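The residues making up each chain are set out below.
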Amino acid sequence: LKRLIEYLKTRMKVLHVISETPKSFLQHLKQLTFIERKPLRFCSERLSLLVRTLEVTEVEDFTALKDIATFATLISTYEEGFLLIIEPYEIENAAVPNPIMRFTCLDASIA
Amino acid sequence: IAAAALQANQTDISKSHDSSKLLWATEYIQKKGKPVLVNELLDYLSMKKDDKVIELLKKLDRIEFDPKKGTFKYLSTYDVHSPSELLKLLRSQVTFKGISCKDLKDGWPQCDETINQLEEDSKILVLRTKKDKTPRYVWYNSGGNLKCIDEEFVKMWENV
Amino acid sequence: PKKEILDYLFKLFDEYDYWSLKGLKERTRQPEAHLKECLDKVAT
Amino acid sequence: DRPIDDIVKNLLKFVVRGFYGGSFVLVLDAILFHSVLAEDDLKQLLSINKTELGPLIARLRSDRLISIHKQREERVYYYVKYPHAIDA
């Protein structure tokens, strides 16, 4: 998970707008590091079981990793009808450009 | 006779200032690499209950209070004792401020050594003195080879 | 004389914050290399 | 920005890396990693002296690489003119 956060940090610092597939993100993931689709699906269950066993009830620092496990299991299950958008401007009208990765649901019939 | 002189010169820890007692406690904590229990403190200074000394020691940043057993240990600034951790720290640098080697010697007693072999491995961006090759403020080797091309070729590019 | 002069200098910074180094000389009247090592451990 | 501009930045980087001294490499890498710099902020960031800063800045003038800037807020600033660097 720490090296997954390392991959997310080094893919975070882009300069311009990128709109890639989940397949392209997974391919660059396996190209750079050795993180695979089935562990990225299983990470949500693994983190839930780790939090239940560990008894870490002050999850105030720990509540953010739900987003990362959510995104990882989402992008490692869904690849079509969905696009991964990567932008250098979280706030376009800002003093400094905070960048952003965006996920897009494109079909509403799925749910 | 030397023990008699040491017992005569053994000042009671009820000092004028509590900061001498604190400094002696932090010295005795620092000189042992392992965590030590409360009984080491109670034997060291003539103080038994959980005092203001123990409460401020728990509140101290360099001292880790243990809810498990009451083990008190020194906390170093750099929690890196491996080259892999050092390289990951250097990769995770958010600014280009150099990092000193004395507080890496805190925690990692052979750290300047490993810095020398990684510079030999061209794994860092070292700053060194001219009196001697000195481990100092260092940066992550985002470059290629440090010892890339020979000095005669460097000298003829200087001629260029 | 390490332990006593640490309490004495604790009193000295309690007496005044920016105490002079030249004024530290007569308040110690001790070996200055010992004093320089003791000064570096706490403050300036 | 432009990926060709990123190629230009890595190009200047590799030119100094493979063909200049390490102090020049560190100076140019610092001013590309950051942006335009006051000299005091750079001296803080590298903890160096102006005596060491001198010949580096002078040789980077000599190769027509660093575009200095002078304006009062007098405050010294440094950047690189891209066509001057490319044509040099």
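Structure's up top.
Residues and elements named next belong to chain D. Orientation of helix α2 (residues 22-33) relative to helix α4 (residues 50-62), taken along the N-to-C sense of each, is 75°, at an axis distance of 10 Å. Taken together, the axes of α2 and α4 lie roughly perpendicular to each other. The residues of α4 that touch α2, namely those facing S23, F24 and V27, are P55, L56, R59 and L60. For the contact of α2 with α4, the residue count by class is 5 nonpolar, 1 polar and 1 charged.

Bringing the nonpolar core into the picture now. By size, the foremost hydrophobic cluster in this structure holds 21 residues, and its most contacted members are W139 of chain B together with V16, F24, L42, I57, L60 and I66 of chain D. Only α2, α3 (39-46) and α4 of chain D provide two or more residues apiece to this core. A per-element tally of this core places α2 of chain D first, with 7 residues. Beyond its immediate stretch of four places on either side in the chain, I57 of chain D contacts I66 and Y78 of chain D. Core analysis: the second largest hydrophobic core is formed by 15 residues, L86, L87, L104 and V138 of chain B among them.

Residue and element names in this part refer to chain C. Where helix α1 (residues 2-15) contacts helix α3 (residues 32-40), the two axes come as close as 11 Å, and the packing angle between them is 60°. Comparing their axes, α3 and α1 come out oblique. In this structure, α1 meets α3 at a crossing whose hand is right-handed. For the pair α1 and α3, contact is made by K2, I5, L6, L9 and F13 and by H34, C38 and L39, respectively.

This part covers helix α2 (residues 18-30) of chain B. In this model α2 of chain B runs 18 Å from its N-terminal to its C-terminal C-alpha over 13 residues, within 8% of the 18 Å that 1.5 Å per residue would give. If you check which residues of α2 of chain B are buried, you get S20, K21, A25 and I29 of chain B. On its buried side, α2 of chain B packs onto α3 (38-44), α4 (52-59), β1 (63-64) and β2 (73-74) of chain B together with α1 of chain C.

Let us look at the sheet that holds strand β2 (residues 82-87) of chain A. Residues and elements named next belong to chain A. Strand order in the open sheet formed by 3 strands is β1-β2-β3, with antiparallel pairing between adjacent strands. The open sheet has two edge strands, β1 (18-20) and β3 (100-105), and neither has a second partner. Across the sheet, the mean angle separating the axes of adjacent strands is 20° when strand polarity is ignored. Two elements, β2 and β3, share 6 bridges in a ladder whose sense is antiparallel. Across the sheet, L83 pairs through a bridge with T104, a residue of β3.

Once that is clear, we can look at a nonpolar patch on the surface. Residues and elements named next belong to chain B. On the surface, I149, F153, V154 and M156 cluster together to form a nonpolar patch covering roughly 350 Å² of accessible area. Inspection of the secondary structure puts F153 in helix α8 (residues 151-159). A residue is classified by how much of its surface remains accessible, and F153, at 46% relative accessible area, is partly exposed.

This part takes up the arrangement of the chains. The top pair by number of contacts, from a total of 4 pairs of chains in contact, is chains B and D. Structurally, chain A and chain C remain out of contact, their C-alpha atoms never closer than 34 Å. Between chain C and chain D there is no contact, and the shortest C-alpha to C-alpha separation is 20 Å.

Bringing the side chain of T28 of chain C into the picture now. All names here are of chain C. Following the sequence through the fold, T28 ends up in helix α2 (residues 21-28). From its side chain, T28 meets the backbone oxygen of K25 in a polar contact 3.0 Å long. The contacts of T28, once residues within four sequence positions are left out, are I5 and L35.

Here we take up the packing of aromatic side chains. Considering all chains together, one arrives at 12 aromatic pairs over all chains under this definition. With a centroid separation of 4.5 Å and an interplanar angle of 15°, the aromatic rings of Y28 of chain B and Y44 of chain B are classed as stacked. With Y28 of chain B in helix α2 and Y44 of chain B in helix α3, the pair connects residues that are 16 residues apart, well separated along the chain. Overall, the relative accessible area of 38% leaves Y44 of chain B in the partly exposed class. Joined through ring pairs, the aromatic side chains of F71, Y78, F82 and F103 of chain A make up one cluster. When the ring centre of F65 of chain B is taken as origin, the NZ or CZ atom of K58 of chain B, which lies over that ring, is 3.6 Å away. The residue whose ring lies beneath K3 of chain C is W24 of chain B, and the NZ or CZ to ring-centre distance is 4.6 Å.

Looking now at the pattern of salt bridges. Under the defined criterion, the tally for this structure stands at 16 salt bridges over all chains. Ionic pairing is found between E37 of chain C and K41 of chain C, a salt bridge with its closest N-O pair at 3.9 Å. For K41 of chain C, a relative accessible area of 56% gives the class exposed. The closest approach of N and O atoms between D29 of chain D and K13 of chain D, which form a salt bridge, is 3.2 Å. You can see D29 of chain D sitting in helix α2 and its partner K13 of chain D sitting in helix α1 (residues 3-19), a full 16 residues away along the chain. Look at the salt bridges and you will find they share partners, linking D5, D6 and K9 of chain D into a network.

This part is about the interface of chain B and chain D. Taken together, the contact between chain B and chain D spans 11 residues of the former and 9 residues of the latter. When chain B packs against chain D, the two sides together hide about 990 Å² of surface, and 66% of this comes from carbon and sulfur. Counting the surface chain B buries against chain D, the share from its top three residues, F96, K97 and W157 of chain B, is 49%. Linking chain B with chain D are 0 salt bridges. The interface formed by chain B and chain D holds 0 residue pairs in polar contact in total. Across the side of chain B that touches chain D, the residue classes break down as 5 nonpolar, 4 polar and 2 charged.

Conventions adopted
- Residues numbered from 1 in each chain as written, not as in the entry; some residues may be left out.
- Chains lettered and ligands numbered in written order.
- Part of a larger assembly, values for the part shown.
- Heavy atoms only, no water.
- Residues with missing side-chain atoms left out of burial classes, pairs and counts.
- Axes fitted to C-alpha atoms, helices over the stretch in contact; angles between N-to-C directions.
- Helix = DSSP H or I, 4+ residues; strand = E, 2+ residues; numbered from the N terminus.
- Parallel < 35°, antiparallel > 145°, perpendicular 65-115°, else oblique.
- Contact = heavy atoms within 4.5 Å.
- Nonpolar A, V, L, I, M, F, W, Y, C, P; charged D, E, K, R; others polar.
- Core = buried A, V, L, I, M, F, W, Y, C linked by side-chain atoms within 4.5 Å.
- Buried < 20%, exposed > 50% of the residue type's maximum accessible area, 1.4 Å probe, protein only.
- Left-handed = near helix turned anticlockwise from the far one by under 90°.
- Expected span 1.5 Å × (residues − 1).
- Pairing = 2+ DSSP bridges.
- Patch = residues over 30% accessible without salt bridge, like charges linked within 9 Å, V, L, I, M, F, W, Y side chains within 5 Å.
- Areas by Shrake-Rupley, 256 points an atom, 1.4 Å probe, with all protein chains shown as cover.
- Salt bridge = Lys/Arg side-chain N within 4 Å of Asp/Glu carboxyl O.
- Polar contact = N/O pair within 3.5 Å; in protein donor to acceptor, adjacent residues only side chain to side chain.
- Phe/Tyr/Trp six-rings, centres within 6.5 Å; stacked < 30°, edge-to-face > 60°.
- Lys NZ or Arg CZ within 6 Å of the ring centre and 35° of its normal.
- Buried area = accessible area lost by both parts, 1.4 Å probe.

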